[PDB]
Amino acid sequence: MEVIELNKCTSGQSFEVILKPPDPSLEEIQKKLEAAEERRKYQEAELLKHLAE
Amino acid sequence: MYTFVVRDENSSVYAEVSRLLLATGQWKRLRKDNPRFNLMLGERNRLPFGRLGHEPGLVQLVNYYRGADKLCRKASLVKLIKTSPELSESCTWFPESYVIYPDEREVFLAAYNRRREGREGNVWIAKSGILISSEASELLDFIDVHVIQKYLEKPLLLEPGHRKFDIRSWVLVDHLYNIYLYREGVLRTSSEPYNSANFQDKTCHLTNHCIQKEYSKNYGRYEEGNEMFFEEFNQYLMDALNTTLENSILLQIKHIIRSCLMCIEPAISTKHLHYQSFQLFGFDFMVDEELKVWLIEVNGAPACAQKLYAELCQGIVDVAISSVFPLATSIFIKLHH
Amino acid sequence: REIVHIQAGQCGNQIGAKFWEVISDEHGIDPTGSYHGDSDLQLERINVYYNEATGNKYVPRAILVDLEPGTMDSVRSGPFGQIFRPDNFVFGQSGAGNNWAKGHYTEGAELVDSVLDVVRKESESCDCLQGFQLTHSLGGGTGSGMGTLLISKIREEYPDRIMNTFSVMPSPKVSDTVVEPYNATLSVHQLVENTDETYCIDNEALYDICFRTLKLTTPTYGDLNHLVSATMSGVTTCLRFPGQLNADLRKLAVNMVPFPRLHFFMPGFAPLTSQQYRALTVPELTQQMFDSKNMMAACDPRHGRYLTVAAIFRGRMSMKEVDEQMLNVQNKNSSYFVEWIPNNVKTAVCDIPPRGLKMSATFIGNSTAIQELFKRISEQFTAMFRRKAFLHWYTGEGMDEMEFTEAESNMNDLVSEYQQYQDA
Amino acid sequence: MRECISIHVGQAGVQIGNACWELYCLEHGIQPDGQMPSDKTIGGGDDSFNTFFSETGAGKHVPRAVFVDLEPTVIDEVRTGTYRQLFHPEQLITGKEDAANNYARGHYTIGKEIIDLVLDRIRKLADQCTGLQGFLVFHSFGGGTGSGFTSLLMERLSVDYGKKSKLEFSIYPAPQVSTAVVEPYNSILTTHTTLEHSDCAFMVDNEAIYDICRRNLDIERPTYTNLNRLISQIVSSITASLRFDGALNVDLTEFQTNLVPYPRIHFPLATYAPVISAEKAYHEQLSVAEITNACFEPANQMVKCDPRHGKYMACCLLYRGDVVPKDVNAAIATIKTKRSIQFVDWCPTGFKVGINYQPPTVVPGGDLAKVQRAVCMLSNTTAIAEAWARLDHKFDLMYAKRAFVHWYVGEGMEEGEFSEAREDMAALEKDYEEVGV
Ligand SMILES: Nc1nc2c(ncn2[C@@H]2O[C@H](COP(=O)(O)OP(=O)(O)OP(=O)(O)O)[C@@H](O)[C@H]2O)c(=O)[nH]1
Ligand SMILES: Nc1ncnc2c1ncn2[C@@H]1O[C@H](COP(=O)(O)OP(=O)(O)CP(=O)(O)O)[C@@H](O)[C@H]1O
Ligand SMILES: Cc1nc2ccc(F)cc2n1-c1nc(N)c(F)c(Nc2ccc(C(F)(F)F)cc2)n1
Ligand SMILES: Nc1nc2c(ncn2[C@@H]2O[C@H](COP(=O)(O)OP(=O)(O)O)[C@@H](O)[C@H]2O)c(=O)[nH]1
Ligand SMILES: [Ca+2]
Ligand SMILES: [Mg+2]
Ligand SMILES: [Mg+2]
Ligand SMILES: [Mg+2]
């Protein structure tokens, strides 16, 4: 039970007690976003083609 | 209408417990993986405790205490007793044991030399398919996770037969952590005389039921199945030793059961948990020449004596299952605490 | 989030008429579209189904379609006839002769474009249109044949919108002509492809409920339509009244439809009293709403499995008892719910009860037992198609036998797809 | 002084955000009109509360917060509620059509169309900051917007604010409150995509908050307002160190330093006590030892799990009220002998303790009674992995049949993202296992 680094201020107090010692780029993001948009666009085209038949 | 699931097909005890449940017209069995269950008779290998108690509107109960393996694994039991102040290394009812990896290698030898130098009983036993020897070199070469323990060189021998035995006690712990000791035990006896100078003849030194059937000279000679119940054993202690089973042995057994279970209660209790646990335990004891009881092992997936499956299995339903899920002279001894 | 309503054919317009008569009463709107309610809860989501005309008059966002004028004249002369937008009556004079080909290919084709003009006009006046709901029967010609034609062309103009139908399935018990199985089989395939949610209303179930439960000797279509309008009111409670859930057709489909083609629901309603003054407890409401006798598809749910279930409780009632009873019916009969969709039962509540009831419960089940309705239609179809009986009515409109063979084939595929998610 | 920008996404994030900023104003003495009479530096200042509130020449204290939802029902309640005066229009972003409980719809379809607008509105707040620390992101796991759009926003934030910290407050789905059958899908999808972008995430299981509201507040059917007021108390206890004078957790970086040794395992468990019903009117005040003891009771945790069967990597105790270091050390010594507390071998067995003397403030007329002292424990324990296990299992049940997958594929997401996300979670579960063996 050791108390270390005790800091005191008007608002409160803090300390430590030891009991025992021991990314994707912007372009890459817009890529996958556009890829998903093209897959939706392709699926919608197939539907419209199906309805045209 | 209560619902339960069965996830351990090999369980003899709970196969009967499930039998009684269905036989009450108020319990229904579900698929193995149906999560809307009140009771789980779970598997003994990686039971998913983390998925219990999250079904809204279902009070869920399971037949195992998460964390009870510390007491039911031979390596864990030694470490639990040595490092638990409630039990202490000076524990008087547990044989001097040492855990060793193929660590307590130098500490086992530390006391070993004292026994060979003083010509004392230097017979030890290695457990985890075991080896009883009187030389450390022979024990360690066999290891190459095991535990080494002093062999009880002066055990109590039943007469006639001059034979060794061990006592199995069944203990049920419910969701309230009440400790119920089944009033009916069993002695698993060996048929052949205890040969103190031949530690290789496992028949006279191992009381296991499987060893006696396929490895014995007079299996079922004195009692059918090499199993003596408390009735005969008590009458024997009276006729032969002028004492009772309660006084000479049962007081120590109840003491040991309480000590072990109360030690781990803070670690496994489900008092304030989102699900409840109970579990049936099997305590194995050893009795020496002076009527001193020693704790051999504890197993959390134990079987029962054929003659006692009915009485004990319904005792489980009444004390552990119906106590949480009602339906509309006790066979257990409540160890108070 | 506006919804555009369409009712097509005799059955569609007579049921649709009663629907608007019912919910117009629940929202306190009189036949002249003038609001005379009591609570602001009535008007909070009024815009989902109604357009607000200048002067604080509310006009249903509904389009009435038929290939003959008889039924829509009786609607315009009916109780709430004046409430509908006059320009939203779109009708021809020839009729469809209970003929799917006439509704879908000949007579209907001649009229469909003008229906789409009215649909487009209503959509343009939507802040954020979310989809459409169509009321129709499948056994006739206009609702079935032209109704499905409409759905196909609506999908073409609004492919990212939700399509929802209340589809009355024919039954020999309550039949007008022998060709109903032909018309229903041709339509069901259209529905498989071109709707997101279809409430299956079996005229057989409606009849049995009127006879057996309501003790109505000699039920009429009017009696049948009372069950349907009451059921349609409950099923749309969330879309019409304030509650935790929003009036969202997409979220409903997202949670109810695990596989695209399996979007055919069994509706139920409770109570159903012959006694009407006695109060129902929450346990009674819950038990009845799950009872087969209270469901409208003439399918035994015990014969299949629930993929998902939606329930609505209306009225002042113990929320705690509701949750308890719902959790009870599940945990007590958990074998009839698929175990590979966790927590597939949703419960909704609404303080405002339907007219004349202290409390009500509506059931919306996506069950694999619905297959026996499609198998029933498929058996009747084949009994006649084996002999090409009555086909000349259809080949005379330009159809050929291959299109019938394909519809039969599509129907049996639908049945087998249900069979694989129940017992292999 | 370094500013913190709060971002609230979807219904859960926005409604919890509303409860938090309400509590902030009460704690800091800021009236609903934004005026703060105790602040004597009008229109400026670098006080601790300025990390969350900017100031205008007129003396209005404006939260450094952005609200984002794809439908305007929820956010319209902010711009018309008690604290409508605090926020200006640019801080509230509403779309027309929501994500319909669909991660893919929120991430790909709708996310792509509004991400730039959100980032621009955020950039506006950042421009007011002299030394931006980073962001606090509130959102649900289960909602289409909370899951799908948050993951997209977190990616772009890592791109546009690379050196800035990002902390999460995430609402874990519970059927008692659940709104959709597919929430396990959305939870796994958004965790996989957000994992490398979040420095420290505080998970809150609606099941735990729900039960706490029923047992401790005696509320039979807790509402979102009940839940969010209790959640805001926990959030307040966690952010107090950024808004008040102190020496513990004084900037966002310190949260990672003190609570997250391994970066992927950045989900510390929160435990709060005491939660007392306001209908009591005369409750016996719990002591420091008693409230500290309650921090090791599973029934007080923000996520139901058994820390007895895990390993601790760090532990912070955040007290508010009448607490002096002496009583804290006494309670820790007592609890250490009674309870099971195992740390990983490569970490010291200790507690960082912070004390703020101002006792917790409760919203007038709410359900929580005012107490003389309260504590929030932040412990990074492997036991929280039980929550991932539950979630992943429900995922596995549905995905084995591909149930509902067509709704996600229909939005442009590939079916492979399901398996990738699930595989990432399988690794996460394995990371916890190695640590807590
Ligand atoms: N604790 C708490 N949870 C909430 C609240 N609102 C919603 N939730 C939870 O959040 C999940 C649903 O996500 P939402 O945030 O409502 O949905 P969303 O982010 O708005 O996304 P979409 O509506 O699909 O566009 C469910 O699990 C709810 O239980 C709230 O106010 N408090
Ligand atoms: N220290 C010791 N001294 C004397 N005998 C011992 C001993 N340790 C074990 N034995 C004997 O070895 C037998 C088996 O030891 P063990 O504890 O491993 O049983 P077991 O675990 O293999 C089967 P069970 O789970 O039913 O007990 C005991 O029944 C006992 O007779
Ligand atoms: C529009 C509407 N009418 C309803 C009537 C009854 C009802 F229960 C829900 C209703 N919804 C509705 N509206 C929303 N806004 C939703 F988000 C939503 N979600 C939902 C639905 C079903 C399940 C499942 F569990 F059944 F699968 C799960 C989640 N359901
Ligand atoms: N429930 C109900 N069913 C109807 C009604 N009118 C017709 N039907 C059914 O609808 C089918 C006939 O279709 P109908 O709508 O009359 O033909 P349409 O005008 O060409 O669409 C048959 O199955 C009838 O049983 C009605 O008012 N109520
Ligand atoms: Ca200032
Ligand atoms: Mg054993
Ligand atoms: Mg007709
Ligand atoms: Mg939302």
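Chain D goes by Tubulin alpha-1B chain in the PDB entry, where it is assigned to Bos taurus. The header of this PDB entry states its title as "Tubulin-PTC596 complex". Under the UniProt heading Catalytic activity, the note attached to chain D is "GTP + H2O = GDP + phosphate + H(+)". Here is the UniProt Sequence similarities comment for chain D, exactly as written: "Belongs to the tubulin family."

Under the annotation held in the PDB entry, chain C carries the name Tubulin beta-2B chain and is attributed to Bos taurus. Of chain C, the UniProt comment under Cofactor reads exactly: "Mg(2+)". The Subcellular location comment attached to chain C in UniProt states, word for word, "Cytoplasm, Cytoskeleton".

Engineer: Any details on the site of ligand 3? Residues and values, ideally.
Structural biologist: Taken together, 19 residues are adjacent to ligand 3, and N246, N255, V309, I312 and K346 of chain C come closest. Ligand 3 sits at the junction of chains C and D, each of which supplies nearby residues. Between ligand 3 and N246 of chain C, the relevant distance is 2.6 Å, taken from a nitrogen atom to a main-chain nitrogen or oxygen of the residue. In the model, a nitrogen atom of ligand 3 is placed 3.5 Å from a nitrogen or oxygen of the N255 of chain C side chain. Alone, ligand 3 offers 580 Å² of accessible surface; in the complex the protein occludes 98% of this. Of all the secondary-structure elements, those providing two or more residues to the shell around ligand 3 are α10 (237-240), α11 (249-256), β10 (306-315) and β11 (345-350) of chain C. Among the elements that make up the shell around ligand 3, the one with the highest residue count is β10 of chain C (5 residues). Tallied by class, the residues present in the shell around ligand 3 amount to 11 nonpolar, 5 polar and 3 charged.

Engineer: Residue-level account of the interface of chain A and chain D, with values.
Structural biologist: On the chain D side, the residues contacting the 32 residues of chain A number 40 residues. Counting every contact that joins chain A to chain D gives 3 salt bridges. A salt bridge links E16 of chain A to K352 of chain D; the shortest N-O distance between them is 3.4 Å. Our enumeration of links across chain A and chain D arrives at 14 residue pairs in polar contact. Counting residues per element, the ones that place at least two in the side of chain A that touches chain D are β1 (2-8), β2 (12-20) and α1 (26-52) of chain A. Of all the elements, α1 of chain A adds the most residues to the side of chain A that touches chain D, at 11 residues. Here the residues of the side of chain A that touches chain D sort into 15 nonpolar, 9 polar and 8 charged.

Engineer: Describe the UniProt feature "binding site: Mg(2+)" in chain C, and please don't skip the residues or the numbers.
Structural biologist: Residue and element names in this part refer to chain C. As annotated by UniProt and renumbered to match this structure, "binding site: Mg(2+)" occupies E68. Turning to its location among the elements, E68 is positioned in the loop between β4 (62-66) and α3 (70-76). Ignoring anything within four residues of it in the chain, the contact list for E68 reads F91, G92 and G95.

Engineer: Which residues make up the pattern of salt bridges, and what values go with them?
Structural biologist: Applying the stated criterion across every chain yields a total of 63 salt bridges over all chains. Between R120 of chain C and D117 of chain C there is a salt bridge; the shortest N-O distance is 2.9 Å. Taken together, the residues span about one helical turn, with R120 of chain C and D117 of chain C both in helix α5 (residues 107-124) at a distance of 3 residues. The exposure class of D117 of chain C is partly exposed, given its relative accessible area of 47%. By sharing partners, the salt bridges in this structure join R1, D160 and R161 of chain C together with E97, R105 and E411 of chain D into a single network.

Engineer: Any chance you could break down the domain arrangement of chain C for me, citing the residues and the numbers?
Structural biologist: Residue and element names in this part refer to chain C. We note that the domain assignment places domain 1 (2-256), domain 2 (264-371) and domain 3 (372-421) within chain C. Look at where the C-alpha atoms of domain 1 and domain 2 centre, and you get two points 23 Å apart. In this assembly, 32 residues from domain 1 lie in contact with 29 residues from domain 2. Mapped onto the side of domain 1 that touches domain 2, the elements with two or more residues apiece are α1 (9-26), α7 (180-194), β8 (197-202), α8 (203-213), α9 (221-235), α10 and α11.

Engineer: For the sheet that holds strand β8 (residues 200-205) of chain D, give the residues involved together with the corresponding values.
Structural biologist: Two strands in a sheet stick together by hydrogen bonds in their backbones, pointing the same way (parallel) or opposite ways (antiparallel). All names here are of chain D. Spatial strand order, β5-β4-β1-β6-β7-β8: 6 strands in an open sheet with parallel pairing. With one partner strand each, in any of the chains shown, β5 (92-94) and β8 form the two edges of the open sheet. Sheet twist, expressed as the mean angle between neighbouring strand axes with direction ignored, is 15°. With 4 bridges joining them, strand β1 (residues 4-9) and strand β4 (residues 65-69) adopt parallel strand pairing. Bridge pairing links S6 to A65 in β4. Strand contacts of helix α1 (residues 10-28): β1, β4, β6 (134-140) and β7 (165-172), with the helix running at about 135° to β1, the strand carrying the most contacts.

Engineer: Would you mind going over the pairing of β1 of chain D in detail, with residue names and values included?
Structural biologist: Residue and element names in this part refer to chain D. The buried fraction of β1 amounts to 6 of the 6 residues, a majority that puts the element mostly inside the structure. Because side chains alternate across β1, one face comprises the buried residues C4, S6 and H8, and the other comprises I5, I7 and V9, equally buried. Across 5 bridges, β1 lies against β6 in parallel orientation. Counted as the bridge partner of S6 is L136 from β6.

Engineer: Break down the coordination of the calcium ion (ligand 5) for me, citing the residues and quoting the values.
Structural biologist: All names here are of chain D. For the calcium ion (ligand 5), the full set of protein donor atoms is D39 (OD), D39 (OD), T41 (O), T41 (OG1), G44 (O), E55 (OE) and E55 (OE), at a range of 2.3 to 2.7 Å. For the calcium ion (ligand 5), the single-chain donor residues occur in sequence as D-x1-T-x2-G-x10-E. Of the two residues, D39 sits in the loop between α1 and β2 (53-55) while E55 sits in strand β2, which places them 16 residues apart along the sequence. When sorted by exposure, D39 lands in the same class as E55, which is buried.

Engineer: Any details on the UniProt feature "binding site: GTP" in chain C? Residues and values, ideally.
Structural biologist: All names here are of chain C. UniProt's feature table lists "binding site: GTP" at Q10, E68, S137, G141, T142, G143, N203 and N225, given in the numbering used throughout. Across 216 residues of sequence, these annotated residues are also dispersed in space, with a maximum C-alpha separation of 22.7 Å. Those residues in contact with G141 that lie beyond four places of it in its chain are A96, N98, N99, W100, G103 and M146. Within the secondary structure layout, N203 lies in helix α8. Given the relative accessible area of 10%, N203 is considered buried. Once you skip the residues sitting within four places of it in the chain, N203 turns out to touch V168, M169, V174, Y221 and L224.

Engineer: So, the packing of aromatic side chains: which residues are in play, and what are the values?
Structural biologist: In total, this model carries 63 aromatic pairs over all chains according to the counting rule given. Relative to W20 of chain C, the ring of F19 of chain C lies with its centre 5.7 Å away and its plane at 75°, an arrangement referred to as edge-to-face. A single burial state applies to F19 of chain C and to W20 of chain C, both of which are buried. Pairing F343 of chain D with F351 of chain D gives two aromatic rings, centres 6.5 Å apart and planes at 80°, and the pair type is edge-to-face. By relative accessible area, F351 of chain D is classed as buried at 5%. Over the aromatic face of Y399 of chain D sits the side chain of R402 of chain D, whose NZ or CZ is 4.0 Å from the ring centroid.

Engineer: Requested: an account of the arrangement of the chains, with residues and values cited.
Structural biologist: Most contacts, among the 5 pairs of chains that meet, fall between chains A and D. Note that chain A does not reach chain B: the shortest distance linking a C-alpha of one to a C-alpha of the other is 16 Å.

Engineer: Tell me about the interface of chain C and chain D, and please be specific about residues and values.
Structural biologist: Of the residues lining the interface, 26 residues belong to chain C; the matching set on chain D comes to 24 residues. Summing the contributions of chain C and of chain D, the shared interface buries around 2400 Å²; its carbon and sulfur component is 58%. For chain C, the biggest contributors to the area lost against chain D are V254, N255 and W340 of chain C; these three give 23% of the whole. Inspection of the chain C/chain D interface yields 5 salt bridges.

Engineer: Can you tell me about empty space enclosed by the protein, naming the residues and giving the values?
Structural biologist: Residues and elements named next belong to chain D. Taken as a whole, the largest cavity holds about 90 Å³ of empty space. Lining the largest cavity are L217, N226, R229, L230, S232, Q233, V362, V363, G366, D367 and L368. Along the lines of polarity and charge, the residues of the lining of the largest cavity split into 5 nonpolar, 4 polar and 2 charged. Counting contributing residues, the lining of the largest cavity receives three or more from each of domain 1 (3-258) and domain 2 (269-387).

Engineer: Account for helix α13 (residues 319-332) of chain C, naming residues and giving values.
Structural biologist: Relative to the 20 Å expected for 14 residues at 1.5 Å per residue, α13 of chain C spans 20 Å between its end C-alpha atoms, a close match to the ideal helical length. Every buried residue belonging to α13 of chain C is among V322, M326, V329, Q330 and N331 of chain C, and all of these are buried. Check the buried side of α13 of chain C and you find it contacts β1 (2-6) of chain B together with α12 (282-289), β10 and β11 of chain C.

Thresholds applied
Residues numbered from 1 in each chain as written, not as in the entry; some residues may be left out. Chains lettered and ligands numbered in written order. Part of a larger assembly, values for the part shown. Heavy atoms only, no water. Residues with missing side-chain atoms left out of burial classes, pairs and counts. UniProt positions renumbered as here; feature names shortened; annotations may be inferred. Near = heavy atom within 4 Å. Polar contact = N/O pair within 3.5 Å; in protein donor to acceptor, adjacent residues only side chain to side chain. Areas by Shrake-Rupley, 256 points an atom, 1.4 Å probe, with all protein chains shown as cover. Helix = DSSP H or I, 4+ residues; strand = E, 2+ residues; numbered from the N terminus. Nonpolar A, V, L, I, M, F, W, Y, C, P; charged D, E, K, R; others polar. Contact = heavy atoms within 4.5 Å. Salt bridge = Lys/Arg side-chain N within 4 Å of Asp/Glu carboxyl O. Buried < 20%, exposed > 50% of the residue type's maximum accessible area, 1.4 Å probe, protein only. Domains from an automatic or database assignment. Pairing = 2+ DSSP bridges. Axes fitted to C-alpha atoms, helices over the stretch in contact; angles between N-to-C directions. Donors = N, O, S within 2.8 Å, 3.2 Å for Na, K, Ca; no water. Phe/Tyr/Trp six-rings, centres within 6.5 Å; stacked < 30°, edge-to-face > 60°. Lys NZ or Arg CZ within 6 Å of the ring centre and 35° of its normal. Buried area = accessible area lost by both parts, 1.4 Å probe. 1 Å grid on protein atoms, 1.4 Å probe; cavity = no way out; pocket = protein on both sides within 12 Å on 5 of 7 lines; lining within 4 Å. Points joined across faces, edges and corners; volume = space filled by probe spheres on them. Expected span 1.5 Å × (residues − 1).

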